[PDB]
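Asks: Sequence first, structure after, both from an experimental entry:
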4 protein chains.
Amino acid sequence: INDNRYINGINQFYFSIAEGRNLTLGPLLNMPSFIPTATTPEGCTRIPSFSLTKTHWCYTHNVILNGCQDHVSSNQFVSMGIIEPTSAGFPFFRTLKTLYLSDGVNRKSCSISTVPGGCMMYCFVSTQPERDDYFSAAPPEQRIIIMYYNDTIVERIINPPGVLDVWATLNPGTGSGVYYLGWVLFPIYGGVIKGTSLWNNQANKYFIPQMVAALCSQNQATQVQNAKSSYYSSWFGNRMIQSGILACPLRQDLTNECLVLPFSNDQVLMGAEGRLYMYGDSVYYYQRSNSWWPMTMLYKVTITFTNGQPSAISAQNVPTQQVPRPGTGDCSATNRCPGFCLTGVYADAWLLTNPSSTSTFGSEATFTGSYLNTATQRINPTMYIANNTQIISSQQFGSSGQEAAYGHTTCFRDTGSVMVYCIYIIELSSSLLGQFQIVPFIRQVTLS
Amino acid sequence: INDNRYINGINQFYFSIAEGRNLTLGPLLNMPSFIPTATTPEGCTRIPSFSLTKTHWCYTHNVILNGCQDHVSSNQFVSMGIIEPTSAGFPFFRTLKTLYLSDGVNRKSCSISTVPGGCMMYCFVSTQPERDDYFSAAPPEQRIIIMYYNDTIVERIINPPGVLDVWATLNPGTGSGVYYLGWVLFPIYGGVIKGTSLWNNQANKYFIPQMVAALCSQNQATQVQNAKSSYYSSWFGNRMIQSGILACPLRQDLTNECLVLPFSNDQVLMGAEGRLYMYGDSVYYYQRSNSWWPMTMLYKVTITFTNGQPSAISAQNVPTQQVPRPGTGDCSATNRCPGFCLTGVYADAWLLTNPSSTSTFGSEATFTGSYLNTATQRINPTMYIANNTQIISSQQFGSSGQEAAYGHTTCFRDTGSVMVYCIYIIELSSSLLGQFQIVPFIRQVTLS
Amino acid sequence: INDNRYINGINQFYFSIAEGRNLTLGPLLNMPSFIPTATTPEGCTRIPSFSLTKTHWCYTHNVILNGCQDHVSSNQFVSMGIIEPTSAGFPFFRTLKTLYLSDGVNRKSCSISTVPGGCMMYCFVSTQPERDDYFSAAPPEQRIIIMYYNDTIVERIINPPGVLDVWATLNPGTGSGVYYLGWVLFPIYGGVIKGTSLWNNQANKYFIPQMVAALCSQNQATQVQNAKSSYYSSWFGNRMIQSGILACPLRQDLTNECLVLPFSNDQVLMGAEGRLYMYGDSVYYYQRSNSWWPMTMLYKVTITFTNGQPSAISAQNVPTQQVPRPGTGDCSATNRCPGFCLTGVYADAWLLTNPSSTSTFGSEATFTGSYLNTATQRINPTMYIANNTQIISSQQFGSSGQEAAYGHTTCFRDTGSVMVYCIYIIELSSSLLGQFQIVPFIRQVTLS
Amino acid sequence: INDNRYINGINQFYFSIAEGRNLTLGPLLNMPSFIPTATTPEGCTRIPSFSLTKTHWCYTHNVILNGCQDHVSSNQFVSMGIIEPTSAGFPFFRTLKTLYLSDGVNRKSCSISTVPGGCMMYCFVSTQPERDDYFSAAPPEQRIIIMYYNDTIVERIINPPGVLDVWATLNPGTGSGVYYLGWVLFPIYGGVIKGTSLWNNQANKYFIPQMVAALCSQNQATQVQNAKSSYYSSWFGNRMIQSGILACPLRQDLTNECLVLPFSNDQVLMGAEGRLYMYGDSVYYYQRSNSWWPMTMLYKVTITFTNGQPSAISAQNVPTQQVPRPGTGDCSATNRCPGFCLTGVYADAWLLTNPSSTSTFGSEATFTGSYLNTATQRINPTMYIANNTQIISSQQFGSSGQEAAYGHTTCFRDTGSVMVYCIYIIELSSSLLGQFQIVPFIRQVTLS
Ligand SMILES: CC(=O)N[C@H]1[C@H]([C@H](O)[C@H](O)CO)O[C@@](O[C@H]2[C@@H](O)[C@@H](CO)O[C@@H](O[C@H]3[C@H](O)[C@@H](O)[C@@H](O)O[C@@H]3CO)[C@@H]2O)(C(=O)O)C[C@@H]1O
Ligand SMILES: CC(=O)N[C@H]1[C@H]([C@H](O)[C@H](O)CO)O[C@@](O[C@H]2[C@@H](O)[C@@H](CO)O[C@@H](O[C@H]3[C@H](O)[C@@H](O)[C@@H](O)O[C@@H]3CO)[C@@H]2O)(C(=O)O)C[C@@H]1O
Ligand SMILES: CC(=O)N[C@H]1[C@H]([C@H](O)[C@H](O)CO)O[C@@](O[C@H]2[C@@H](O)[C@@H](CO)O[C@@H](O[C@H]3[C@H](O)[C@@H](O)[C@@H](O)O[C@@H]3CO)[C@@H]2O)(C(=O)O)C[C@@H]1O
Ligand SMILES: CC(=O)N[C@H]1[C@H]([C@H](O)[C@H](O)CO)O[C@@](O[C@H]2[C@@H](O)[C@@H](CO)O[C@@H](O[C@H]3[C@H](O)[C@@H](O)[C@@H](O)O[C@@H]3CO)[C@@H]2O)(C(=O)O)C[C@@H]1O
Ligand SMILES: *[C@H]1O[C@H](CO)[C@@H](O)[C@H](O)[C@H]1NC(C)=O
Ligand SMILES: *[C@H]1O[C@H](CO)[C@@H](O)[C@H](O)[C@H]1NC(C)=O
Ligand SMILES: *[C@H]1O[C@H](CO)[C@@H](O)[C@H](O)[C@H]1NC(C)=O
Ligand SMILES: *[C@H]1O[C@H](CO)[C@@H](O)[C@H](O)[C@H]1NC(C)=O
Ligand SMILES: [Ca+2]
Ligand SMILES: [Ca+2]
Ligand SMILES: [Ca+2]
Ligand SMILES: [Ca+2]
């Protein structure tokens, strides 16, 4: 279990609104990396997922032997452990168990979550290029693997209701899932088939971030028209790209008990990868900006239970215009107008302040993470701290031109020294070993 | 415990003399690295030690937060696990436990060894520059830490007899130790004080490798004179630089039961770092070439027991003129004449063939490892396979100029597929994260 | 069920057009044969049928106690199991159930197919020499046996419509059938009676392979005339030798629900033995060359359903001039001109590349299998890989003169190691035990 | 379970003394072989073990990929099933489960035995040439694997008392073991160390078959002297070559509960491979003639229990001078005089008549099996029926010169047709597939 210094400083809003204004990033600290490196120049390690809870943490990433493209073979590395203080005062992520799922099943886009006594991981089995998944009416095989600290492993092929003949494809968001009221929730996304109930119930719905008006040159009527069209992709089999949550009861004999809960397209942007968080008793969702709006998307999620089962989810966006992501064409970091984009990168963010602490939800919110500081290239990885409109602290890593990709950020507090540490898991392009080197950067978020 | 595919292919001579002539190195294979990376540009990870036995493996290395120099603080990372096959057929070193000794004790030059149920590590506590250790008549504190797989940890300060007032300094060789007949043996080296019994019993002794004559331009009398002087260092407090073995009985209450067994200087070169191996029931020793002879030094060690206690060791050298190491001045890779050098690098080698299988010990021996292919710079890391006089297979890693340091090589056979794999743990200079990135390269040694 | 290493590498085109050009056959690998041997010098085991699907495989062959000729007694051996990896990396066909249909019913020319939970086998009951079957206006009794993995066995005598008074004889093609959209499809062939609707609707129809013109010395008008006559056999009761497909709904009370679907003689050659395959969602058919064209015949089959029932089939030939088969007289492997032949051997082929991946269907197709390399004798069994015009890789088995007969080839990929294996089931003439020894040769199809 | 036609005709003496005089071998019958064949010319399948009991049968053999020599890798094929009648009246060994132990553990000289609900197999792990096993004072690892029909598999490393420091080596006899009064008994053999209690208690003991006197030209005193020396092998590490029985209680957590019971050297010849049988409630033992006496050795074994545990075994030889085996030098099939031989072949025999039915034990005994009819070569496999002094029925298989090796014979009666069938499992040298083809020949033993 995690050291006494951290058990009470996990999954919480660490600073008050007033303190958020005076936060800065401290130097990067050196700790032994718990994320394994490739041992060949061409080896590819990508798509990390990290879950940290009161008792322990779970980590995983995909491994492809040659290059970063394969719709046939790949392995998935899983790791779990605890956090303990070093003589210098900062954290050391102590790995207590390692697993390497290597058996011919092409498990991809995996999301992992901490569960009592272990980790629960959700993946889909890839057997063809992603685009092909959207055209085929049949969805890929879905799997949830439970790995207990006592080395017992139980993998199940799941068939949640409302998936077959509704979703042409379904993928975990790769971002961490969360254990909530006895259920494990994972972010999901995919393409819905035209004519289905879901498609019809979503017809004419759209979402436009609160701060777009002041930045978009198009009029309200034009924005609305373009936003509605941003949820449909002709390139991806003419499917409605949908975001949602997969709720699975913690059982070892899962079959069709997991529930697919899609977000209303009136509250969320075009479906994309994502991540779920827990701040106190509140669930939050991060949605990758793979559509027209290039800014960080965070939402407070309200989950409704009907007869002990999740029945519906509602999302309230934290309005911001900060931390853009690189995109292609008319969907770069400089875009502000609705339309149809299918480009971007995964770059989640951690809320250091409570959005509900202000009279108007999210009026003054502070968050931290990493982002690729450029308009269209996946370059210049930069760790930051920002509020709704400005970056109040940042530090680029490496020299300009340094390639990078996804960035998963997680923060926790040392209740002993009373300092907050954040880990920024970034996929860095390396010139020595492997295509990428996933690095768990760690530093303090200083108040002052 | 290790998979059934490896339990019977560990610590053995894998090939016959005839087969050794047709061995070649296969491509590097990609597996998840079990050696942790630094998370800052200046973080320093160095001095690895690796022990692999029938049941499991032990790994460790030193971590310094800023740069690679400190005689005050540093931490020591320890790891242990097993080997299991991947769907591609090659090994995956599965970490089952991690430890980070971080408490203010500056444990350095640590050597680790597998023991039933865990790992035994031997370190010395550094409190001043190395050179200062040789001048002070008092030796550094010595410690042996036993770490059981059941998480029990027992550290002891040891005071073996014949150390105080004999050795001005004493260090573990950093190379792996071995569990032999109930005792854990570790390679050691240091400086002996003038006038001591050890010094006197070693007076006028010297060792000259069998293949030096044909390569040295000096006459026999001159070589003998210079060789005798190569065991004394005026730069290192005028001490006799000695190599040896530390034998510790496997106990949890060690105090003065470990025994310091020095090698006769008539059979070994000037003391240096080293490593111990087990090939069947035979113990072997690798001695870093930190003196005048720049070639790989391997010896078969014969241990004598008197009343259940190791009482003396004898070493028989495997005569070679292959695989040189970079050195400074008149002690570079091109040197062949006796004299006093105090320069070189650690680069052990694994014997793929049995030296005793030939009528004349070591007449035709084959070994593998890595070496820095250059005369004086620690550059061009190159993995190879060689016999007594030639390199019969090699492959440089990275582009010329690539900096590197130590190299620990270990081989084992998959008794299922019947192929031999070797792991080459090399300290590589990295430009992205940390001063060095210790990489566990792995590839096959192909027969044909 | 099959190991995770194979469940996703079955019934697919494994290579791209570009990769097909660089394919070669690896050494034969040794695995325990799952095909039973005879225990007497005269015992005869022949006519194998093999079906491999995602979950498991089904195998069967005919057993005659004395010699290879009997129109009265014979037994049929059935076997089923899964595929799992060996420590050497290659497959082991693990038999999980064996059955020996020995009860006096002379079941012949059986074709077998995998079905959910078991195997479905289709045979006809022989009671007289084959030639006699064509002269008698009454067709032989037809039977389909379902054998579930739970040991339940259900055999039914079927009477599909349009058989009585239309087909003088009807036989399964012996090649595997396939489970498609809830129906089990089997290849069939036989002789149709003059004056029947089928006969009339087939009148004046003929098929000439695309690559015959350039190789045949006869003019177009003469070729057309001879091709039309190749579908009628005076030796076989003056019947129209027809090829087709038998579609049976997966039920345990089959009576007259199976449907006989003949191929149009404008798209297929004279009826003969055959086999059905599944490549993704596409059905393919292999037609033994028992007529004038001695080259491998493969067709993509398009099945039309009318009210949930197969109503018609269409075949598109993959144009080739490669891999001939031994024949008698003016119908040997060297023949190229239309006429009436009734000679040849069964030698199916597996498509390693997708014929539809080229702008012009089958313009560049690659396939593998075995063939008897000789003009008129059933001799020199040779495994190969070939494209439309040339054999790009081959290896004869045994010494010249080695007798053999049928060859059933099936390939699948290990999604773990990412290699393709093909099994070549060949009837080999043996000098020790039995007339023939049906051997499941297995080797890899290497890319490079 | 076995068909009703065989459940009551297993493990019994089938004929009376009077009927034994009129027994003859019927033609070989053709049934589908349940023993798997190799699929490469060099593949090697050898060392079969077969156990047949009231409910079912167990079968196993060793598989080496290249040639028949390896002290590192090999796999072990296991099979189990039942017996059922065919329409022709004779047996069909129906395989209901197959297993292929392929994981890097070099399991050799395995003996298998039927147990309620499955099979228990006993093997030793080879890691060096056989001769080396006798010189090393440490015995090879011993393992017993239980394989239940419900697919549960439990393998255990056993350490029976009195093995370490007593037996330099220990091997299962490869012949079948038997389930007796809740214990599984396996034949064993190996080399005992000089000076051990076993060695001392065996000192000066020897056994000379009752019918040697009349055939040996040496006098009684000389025979006795030479016989005593035949139990010690200087070629095999100067060990006393011992035969015995390993008794294991049927448990799934075996550790040190199995008991090593050596035969008194006053009742048995030099240790060798062997087999255990059950005839009614009596245990019998077959001992390979690897010493000076080249004739078939069968003994009735009396087992003594002390506190529910086997405590001692006694053997009574069935005196014969029939069915010799090929041997080397002065130990060929023509030898009759005591001395030290270490040559021969495994060729067990089944007793068709009860040796205890005669006033003088074994005065008139009849048995059947196969033997290599030649003086020194492993050639001319011949199935027979013989009494103490003559072969009363025989039939060679193949043409003279045909190579073969071991032969395991098992007989049982069809209580329906009232006929006895015997299966002769013979390792035949094949020219087509594999080094050997282990064939389960089957025929009737006719009374008349
Ligand atoms: C299931 C899957 O493939 N997931 C990948 C995701 C998804 O593509 C994303 O969530 C949208 O569905 O994203 C990642 O893959 C992208 C990456 O390989 C980049 C590299 O340039 O290319 C993207 O594809 C572009 C393509 O390059 C364009 O030419 C055009 O075809 O549009 C596509 C849009 O997808 C990949 O999607 C990612 O790195 O962000 C990784 C996940 O494996
Ligand atoms: C206890 C200890 O310091 N161990 C280090 C060893 C020992 O120095 C070696 O076994 C000989 O006693 O070696 C390592 O350290 C050397 C490394 O830092 C190099 C880098 O250039 O410098 C060596 O020192 C040189 C120095 O650079 C010269 O100017 C001159 O003073 O000679 C000294 C000789 O020691 C370090 O010894 C090593 O990397 O090989 C690392 C161990 O920590
Ligand atoms: C139902 C049946 O008999 N099937 C057999 C098939 C069919 O004959 C084939 O699909 C054409 O209808 O083919 C196999 O049998 C042939 C084989 O026994 C060879 C051996 O030489 O002889 C063929 O018959 C020849 C005969 O030898 C000629 O003299 C002349 O009469 O023509 C006939 C043509 O049939 C057998 O057909 C086969 O091995 O290919 C086996 C099937 O059992
Ligand atoms: C554990 C083991 O090796 N078992 C093998 C047994 C034993 O050798 C036998 O029980 C005596 O200990 O026997 C088998 O192996 C023999 C076979 O390979 C023959 C082939 O010629 O050679 C025998 O070795 C001879 C050798 O050829 C001679 O030159 C001289 O060295 O004597 C040895 C005597 O052992 C093998 O033992 C067998 O086939 O009978 C097979 C078992 O694997
Ligand atoms: C943060 O710093 C500002 C600037 O000096 C100070 O005025 C403010 O009180 C601090 N914020 C709080 C309340 O911690
Ligand atoms: C290795 O290769 C050589 C060169 O062809 C060959 O002659 C030799 O027999 C091989 N070595 C052995 C004995 O494995
Ligand atoms: C196959 O080999 C050829 C010959 O070197 C090479 O040029 C080609 O690129 C390879 N085919 C592919 C694309 O895999
Ligand atoms: C066996 O055959 C002999 C020879 O005819 C006959 O005399 C004898 O009675 C038979 N044996 C018995 C008793 O079955
Ligand atoms: Ca789909
Ligand atoms: Ca000192
Ligand atoms: Ca008919
Ligand atoms: Ca031994």
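Replies: It's in. Numbering: from 1, shown residues only, chains lettered A, B, ... in the order given. Ligands and ions are numbered 1, 2, ... in the order given.

Asks: Skipping adjacent residues, who's closest to the residue in the stretch 301-448 of chain A positioned nearest to ligand 3 in space?
Replies: Closest residue of the stretch 301-448 of chain A to ligand 3, CB to the nearest ligand atom: residue A:435 (54.1 Å). Where C-beta positions appear, they are placed from N, C-alpha and C, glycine not excepted. Spatial nearest neighbour of residue A:435, chain neighbours left out: residue A:44 (4.4 Å); criterion: CB to CB, 6 or more residues apart in numbering or on different chains.

Asks: Tell me how far the one you found lies from ligand 2.
Replies: Counting by CB to the nearest ligand atom, to the nearest Å, the gap from residue A:44 to ligand 2 is 32 Å.

Asks: from what I can see that residue touches residue A:63, true?
Replies: Yes - at 7.0 Å, residue A:44 counts as touching residue A:63 under the criterion of CB atoms under 8 Å.

Asks: chain center to the helix or strand harbouring residue A:247: distance?
Replies: Element membership of residue A:247 [criterion: DSSP states H and E] is strand A:239-249. Strand A:239-249 has its C-alpha centroid displaced from the chain centroid by 13 Å (CA atoms, centre = their mean, to the nearest Å).

Asks: any idea how far the residue nearest to residue A:435 lies from ligand 11?
Replies: Relative to ligand 11, residue A:44 is positioned 63 Å away (CB to the ion, to the nearest Å).

Asks: what are the pairing partners of the strand holding residue A:247, and which direction each?
Replies: Strand pairing for strand A:239-249, determined by DSSP bridges: strand A:183-192 (antiparallel), strand A:232-233 (antiparallel), strand A:259-262 (antiparallel).

Asks: just checking, next helix/strand downstream of the first one?
Replies: The one in question is strand A:183-192. Downstream of strand A:183-192 (by DSSP H and E), the next one is helix A:197-202.

Asks: now swap in the last one and tell me
Replies: Following strand A:259-262 in sequence order, the next helix or strand is strand A:274-279 (DSSP H and E).

Asks: and that following strand with strand A:183-192, angle?
Replies: 150 degrees (axes from the mean of the first three to the mean of the last three CA atoms, to 10 degrees).

Asks: Quick one: the helices in chain A, in order.
Replies: Remark: helices assigned in chain A by DSSP state H are A:17-20, A:130-135, A:197-202, A:220-229.

Asks: Which strand residues bridge the closest residue in space to residue A:367 that isn't next to it in sequence?
Replies: In this structure, residue A:367 finds its nearest non-sequential neighbour in residue A:349, 4.3 Å apart by CB to CB, 6+ apart. The partner list for residue A:349 in beta bridges (DSSP bridges) reads residue A:369.

Asks: show me what contacts residue A:349?
Replies: Shown in contact with residue A:349 (CB atoms under 8 Å, 6 or more residues apart in numbering or on different chains): A:286, A:296, A:298, A:323, A:367-369, A:409.

Asks: Export the residues you listed as CSV, with columns for distance to ligand 11 and neighbour count.
Replies: CSV is the format used below for the contacts of residue A:349 (distance: CB to the ion, whole Å; neighbours: other CB atoms under 10 Å in any protein chain shown):
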residue, distance to ligand 11, neighbour count
A:286, 73, 29
A:296, 78, 24
A:298, 77, 24
A:323, 81, 24
A:367, 82, 26
A:368, 84, 24
A:369, 79, 25
A:409, 78, 24
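
Asks: with the residues you listed in mind, which one is nearest to ligand 6?
Replies: Nearest member of these to ligand 6, counting by CB to the nearest ligand atom, is residue A:409, at 55.7 Å.

Asks: which one of the strands paired with strand A:239-249 lies closest to residue A:447?
Replies: strand A:183-192 (30.5 Å; CB to CB).

Asks: In the stretch 251-400 of chain A, which residue sits nearest ligand 4?
Replies: residue A:252 (45.2 Å).

Asks: right, and that residue touches residue A:154 too?
Replies: Yes - between residue A:252 and residue A:154 there is a contact under CB under 8 Å: 4.8 Å.

Asks: circling back to that earlier point, of the helices of chain A, which is nearest ligand 4?
Replies: helix A:130-135 (53.6 Å).

Asks: anything in that closest one near chain C?
Replies: No - if you take CB under 8 Å from any CB of the partner chain as the test, helix A:130-135 misses chain C, and the best it gets is 10.8 Å.

Asks: buried residues in stretch A:265-278?
Replies: A:265, A:267-278 (16 or more other CB atoms under 10 Å in any protein chain shown).

Asks: Equivalent analysis for stretch A:106-126, please.
Replies: For stretch A:106-126, by 16+ other CB under 10 Å, it's A:106-115, A:118-126.

Asks: ok, now stretch A:382-400?
Replies: A:382-388, A:392-394, A:397-398.

Asks: would you list those in CSV and tack on distance to ligand 2?
Replies: Shown next, in CSV, are those (distance: CB to the nearest ligand atom, whole Å):
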residue, distance to ligand 2
A:382, 34
A:383, 32
A:384, 37
A:385, 39
A:386, 43
A:387, 47
A:388, 51
A:392, 42
A:393, 37
A:394, 36
A:397, 28
A:398, 26
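
Asks: Can you pick out the most distant pair from those residues?
Replies: A:388 and A:398 (28.0 Å).

Asks: Show the contacting residues for the closest residue to ligand 11 within the stretch 1-150 of chain A.
Replies: Ligand 11 sits closest to residue A:138 of the stretch 1-150 of chain A, with a gap of 43.9 Å, by CB to the ion. Going by CB under 8 Å, 6+ apart, residue A:138 touches A:164, A:168.

Asks: one more time with 10 Å
Replies: A:164-165, A:167-169, C:281 (CB atoms under 10 Å, 6 or more residues apart in numbering or on different chains).

Asks: Just among those residues, which is most surrounded?
Replies: residue A:167 (31 neighbours; other CB atoms under 10 Å in any protein chain shown).

Asks: ok, which residues in the stretch 51-200 of chain A are in contact with chain B?
Replies: A:61, A:63-66, A:73, A:75, A:77, A:79, A:81-82, A:84-88, A:90, A:92-105, A:151 (CB under 10 Å from any CB of the partner chain).

Asks: Drop anything exposed from these.
Replies: A:61, A:63-65, A:73, A:75, A:77, A:79, A:81-82, A:84-86, A:90, A:92-105.

Asks: Adding distance to ligand 2, write the contacts of residue A:138 out as CSV.
Replies: Below are the contacts of residue A:138 laid out as CSV (distance: CB to the nearest ligand atom, whole Å):
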residue, distance to ligand 2
A:164, 62
A:165, 65
A:167, 58
A:168, 58
A:169, 53
C:281, 62
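
Asks: Could you provide those residues in JSON lines, with additional columns for distance to residue A:206?
Replies: Converted to JSON lines, the contacts of residue A:138 look like this (distance: CB to CB, whole Å):
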{"residue": "A:164", "distance to residue A:206": "27"}
{"residue": "A:165", "distance to residue A:206": "25"}
{"residue": "A:167", "distance to residue A:206": "20"}
{"residue": "A:168", "distance to residue A:206": "21"}
{"residue": "A:169", "distance to residue A:206": "22"}
{"residue": "C:281", "distance to residue A:206": "36"}
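
Asks: Would you point out the most distant pair within the residues you listed?
Replies: A:167 and C:281 (18.9 Å).

Asks: wait, does stretch A:232-245 contact ligand 1?
Replies: No - if you take CB under 6 Å from any ligand atom as the test, stretch A:232-245 misses ligand 1, and the best it gets is 7.0 Å.

Asks: So for that stretch, first residue to last residue, what's the gap.
Replies: Start-to-end span of stretch A:232-245 (CA to CA, to the nearest Å) is 19 Å.

Asks: got the buried residues for that stretch?
Replies: A:232-233, A:236-237, A:239-245.

Asks: That stretch close to ligand 9?
Replies: No - judged by CB under 5 Å from the ion, stretch A:232-245 stays clear of ligand 9, getting no closer than 7.8 Å.
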